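What follows is a set of notes on a single structure, which appears directly below.
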């Protein structure tokens, strides 16, 4: 996903169902 949760939880990618992992939002794809 195009969002890093390093300092903040997924926002745009949150709507995509992106989960925070290794400080970066992922959901099958980055």
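All positions are counted from 1 along the displayed chain.
Here the Cβ of each residue, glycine as well, is placed from N, Cα and C on the backbone.
Taken from Swiss-Prot, the feature disulfide bond covers 1-18 (among others). Sequence-distant contacts (6 or more apart, same chain, Cβ under 8 Å) of residue 1 (disulfide bond) comprise 10, 13, 16, 18, 24, 25, 26, 27, 29, 30.
Residues or ranges marked as disulfide bond by Swiss-Prot: 5-20 (among others). In the three-state DSSP scheme, residue 5 (disulfide bond) falls into the coil class.
A strand conformation is recorded for residue 25 (disulfide bond) in the three-state DSSP classification. Summarising the annotation, Swiss-Prot assigns disulfide bond to 10-25 (among others).
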DSSP three-state call for residue 18 (disulfide bond): helix, strand or coil?
coil
